[PDB]
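Read the single chain below, which is given as structure tokens and is the form solved without S-adenosyl-L-homocysteine (SAH).
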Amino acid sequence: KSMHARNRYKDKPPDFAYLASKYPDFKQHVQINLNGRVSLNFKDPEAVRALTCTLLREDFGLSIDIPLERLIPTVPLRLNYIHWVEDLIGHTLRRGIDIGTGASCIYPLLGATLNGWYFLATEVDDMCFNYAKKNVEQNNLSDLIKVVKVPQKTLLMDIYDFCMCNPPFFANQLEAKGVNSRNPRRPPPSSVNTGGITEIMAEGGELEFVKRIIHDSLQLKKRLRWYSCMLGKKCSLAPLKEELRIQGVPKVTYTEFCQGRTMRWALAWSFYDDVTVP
């Protein structure tokens, strides 16, 4: 498995020691072992925030400030989704919608920086909405990115090329903790879930959340050219493809986001008949 072909980190992992020597705010978290290898403790929220923030400044020229109490995005995964939307819309101005943009507003900042895309970035959480606004303003992108606070993560709001969404993966707290594990001596993950309650869970999990978005798309249809959501669980892909089939959506496709050991999935659909399906 490989990252997206155009992902800048495909076969080029960041050099932690190089970054440590260049960014003092970062080296505090890197350690090099005796045998000569560098590591972060990805279970430390401050370390992962440092890495993501450092990667965004060194490789993309973005200075972001995010809190430890919300999701800390990981750059390679988010880049795999950005590049897939590039394939979807055929990458003249292109506009997108980011449903639940997070405290980092990372999908708009990347899409605007890489491709000049315009974004409507929505958020339901006061903490994330503030940090998203500040991150758009301090990178001088208020022209391209418009952060809004909405009551619900939905498409039904007061011609667009695409929408993006990190849906809440989980349905209850046990899922949000992963105690739904077969064998108790299962190995724990290498990461942390620092996300807020509206970032990481929803009624009926991502299955019902994405169904909500599917039903929103049935009223909008051609107002957006492509609809897309990421999926955190492989088991969500088949029943959602079936919901698209039962509702009579003509164009449907999906992909895998491959980075590290955790792999993510995504689903896209359209009501146009001109658009090419990757």
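Just count from 1 along the sequence shown to find any residue number. If you superpose the two forms and keep the largest set of C-alpha atoms that fall within 1.5 Å, you have the rigid core.
Another form exists, solved in complex with S-adenosyl-L-homocysteine (SAH); not displayed. Remarks below refer to it.
If I superpose the C-alphas around the site and drop in S-adenosyl-L-homocysteine (SAH) as it sits in the bound PDB entry, do 3 or more of its atoms land within 2.4 Å of a backbone or C-beta atom here, i.e. is the pocket blocked or open?
After C-alpha superposition the pocket is blocked.
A202, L141, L155, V85: which sits within 4.5 Å of S-adenosyl-L-homocysteine (SAH) in the bound PDB entry by any heavy atom?
By the 4.5 Å heavy-atom cutoff, the listed residue in contact is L155.
Of the residues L110, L71, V75, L120, which one places a heavy atom within 4.5 Å of S-adenosyl-L-homocysteine (SAH) in the bound PDB entry?
That would be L71.
Whether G96 contacts S-adenosyl-L-homocysteine (SAH) in the bound PDB entry should be assessed with a 4.5 Å heavy atom distance threshold; does it?
The answer is no: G96 has no heavy atom within 4.5 Å of S-adenosyl-L-homocysteine (SAH).
Proximity of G100 to S-adenosyl-L-homocysteine (SAH) in the bound PDB entry, heavy atoms at 4.5 Å
Contact check for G100: yes, within 4.5 Å of S-adenosyl-L-homocysteine (SAH) in the bound PDB entry.
I'd like to know if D125 sits close to S-adenosyl-L-homocysteine (SAH) in the bound PDB entry, meaning any non-hydrogen atom pair within 4.5 angstroms.
Within the cut-off, so yes.
Can you work out whether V150 and S-adenosyl-L-homocysteine (SAH) are in contact in the bound PDB entry, taking contact to mean some heavy atom pair no more than 4.5 Å apart?
So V150 counts as contacting S-adenosyl-L-homocysteine (SAH).
In the bound PDB entry, which of 51-59, 247-255, 209-217, 38-46 comes within 4.5 Å of S-adenosyl-L-homocysteine (SAH) (heavy atoms)?
It is 209-217 that comes within 4.5 Å of the partner.
Sole member of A202, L120, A112, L77 with a C-alpha shift of at least 2 Å between the shown form and the other one (core-superposed):
Flagged residue: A202.
Is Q152 displaced by at least 2 Å at its C-alpha between the shown form and the other one when the rigid core is overlaid?
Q152 C-alpha, core-superposed: shift of 2 Å or more.
Just to spell it out: taking the C-alpha atom of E203 and the C-alpha atom of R264, is that distance smaller or larger in the bound PDB entry than in the structure shown here, given it changes by 3 Å or more?
Residues converge in the bound PDB entry, at least 3 Å closer.
Taking the cut-off of 3 Å or more as given, in which direction does the distance between the C-alpha atoms of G204 and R264 change in the bound PDB entry, closer or farther?
Closer together, by at least 3 Å.
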